[PDB]
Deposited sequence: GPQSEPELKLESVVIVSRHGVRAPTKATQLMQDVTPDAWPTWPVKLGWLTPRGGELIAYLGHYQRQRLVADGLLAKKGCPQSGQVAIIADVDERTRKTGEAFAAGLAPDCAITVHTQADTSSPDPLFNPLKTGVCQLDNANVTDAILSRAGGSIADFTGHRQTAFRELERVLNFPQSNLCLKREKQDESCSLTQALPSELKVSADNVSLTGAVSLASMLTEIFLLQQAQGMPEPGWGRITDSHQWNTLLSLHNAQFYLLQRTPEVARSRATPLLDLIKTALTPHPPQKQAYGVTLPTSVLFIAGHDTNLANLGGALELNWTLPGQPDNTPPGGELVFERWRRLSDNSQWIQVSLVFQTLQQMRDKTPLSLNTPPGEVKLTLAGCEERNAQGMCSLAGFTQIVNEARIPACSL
């Protein structure tokens, strides 16, 4: 019957995904000392993807197949052919397994290759060129930029967030902890900004809180019976706790003086996947451009891209602004009225309840989705997309040539 008159046609999609639910990457003495209670144990090694984590990613893969079929970009049946779908992952187990999980959902029994760099025992600079020394941060500029975004000092930062720290202390039962028996997390563990040529980090309570509140969220998404020892009982509490995780990434990963450098290889890969040109084999042996590119990375990659491109978002129903399986989705659309080219960016994610309930996703039960705007874009169409030329200029301005591969 008479369907909606197509105004735009989808040409290409690039999905930059955080890996799915993983076991905590550390088990430190300080984590033991800040609570009298025992941390729940995990079914996989430190930092590895859990089976449930993979099942949640495959749900997003299944959903993406349904909606890309609806958009006309992929075929309803059969496998995608001749590199129509490509997958690139970081070398870590949790990212490679995320790529395998997404392929399993998008195109089951089609053994789509999960590409990595040749040496999987060494870091891939695409996901952080600082880590292999491709380039370095500017120490004075990064320090000033982060401290300013903190409110002028890390003390000012923690001074404005005492409500959230007190909520974490309650969940920890911190007053009955060994650290307390000697009480306030921020004063017991003074936080300072450490800036080196290759990394930025915060010490003390700020970084501890970001980690621990992430762990509670992973416990919830994993389906563990009582996250935070049963002391997290409503959504306001979840939002208050994860604000500490979000706040650290705002400072350390969204600040442009860090984000532009760390995101430059990803920016280049995204722009080459989205740019119309004769298809040509390039990075990882992958032929670009193509229909669908899935990149399996990390929390910091989403934040770095958001900071470098001036994309801002909060995720309704998902307290972690960079959640497991969260996807930054870049799409190239052709406007049929004049066959002009446009870029849309959105953030696709499972709500915390969808993770808690292990909700299979479909057109009828979609993940959450936030439409984004490139703040620097001066040429937008009626749907808020940026012109291909405008997007290209933004990326060329944001990228840092010394950080490119």
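- What are the unmodelled segments when the structure is compared with the full deposited sequence, in sequence order? Comparing the full sequence with the modelled residues, the uncovered range comes out as just 183-189.
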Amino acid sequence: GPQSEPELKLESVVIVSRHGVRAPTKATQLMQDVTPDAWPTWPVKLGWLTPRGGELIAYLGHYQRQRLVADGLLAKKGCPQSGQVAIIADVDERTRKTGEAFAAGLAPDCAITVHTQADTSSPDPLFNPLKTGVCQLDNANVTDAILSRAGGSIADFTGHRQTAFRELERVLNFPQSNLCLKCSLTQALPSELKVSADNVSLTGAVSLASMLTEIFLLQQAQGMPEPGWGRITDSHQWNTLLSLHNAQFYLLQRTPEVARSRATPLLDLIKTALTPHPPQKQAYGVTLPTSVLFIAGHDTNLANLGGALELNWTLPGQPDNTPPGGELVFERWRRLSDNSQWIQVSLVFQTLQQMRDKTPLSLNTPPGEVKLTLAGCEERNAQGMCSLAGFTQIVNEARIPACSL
From here on, numbers count along this sequence of modelled residues.
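- Name the higher of the two by mean Cα B-factor in the PDB entry, 290-298 versus 277-285. Per the PDB record, 277-285.
- Message: Which is higher on mean Cα B factor in this entry, 231-239 or 205-213?
- Response: Between 205-213 and 231-239, it is 231-239.
- Out of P108, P316, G306, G326, which one has a C-alpha B factor higher than all the others in the entry? It is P108.
- Message: For the CA B factor values reported in this entry, which option in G223, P129, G99, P123 has the top one?
- Response: Across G223, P129, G99, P123, the entry lists the biggest C-alpha B-factor for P123.
- Third assignment of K26 from its chain's C-alpha B-factors: Ranked within chain, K26 CA B lands in the highest tercile.
- Task: Consider only the C-alpha atoms of the modelled residues in this chain, order them by B-factor as the entry records it, and name the third containing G78: lowest, middle or highest.
- Result: As the PDB entry reports it, the C-alpha B-factor of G78 lands in the highest third of its chain.
- Query: Split the chain's modelled residues into thirds by Cα B-factor; is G133 in the lowest, middle or highest one?
  - Reply: Answer is highest: the recorded C-alpha B-factor places it there.
- Message: Can you tell me whether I400 has a C-alpha B-factor in the lowest, middle or highest third compared with the other modelled residues of the same chain?
- Response: According to the entry, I400 has a C-alpha B-factor in the chain's lowest third.
- By its CA B factor, does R65 count among the lowest, middle or highest third of the modelled residues in the chain? For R65, whose C-alpha B-factor we compare with every modelled residue in the chain, the answer is the middle third.
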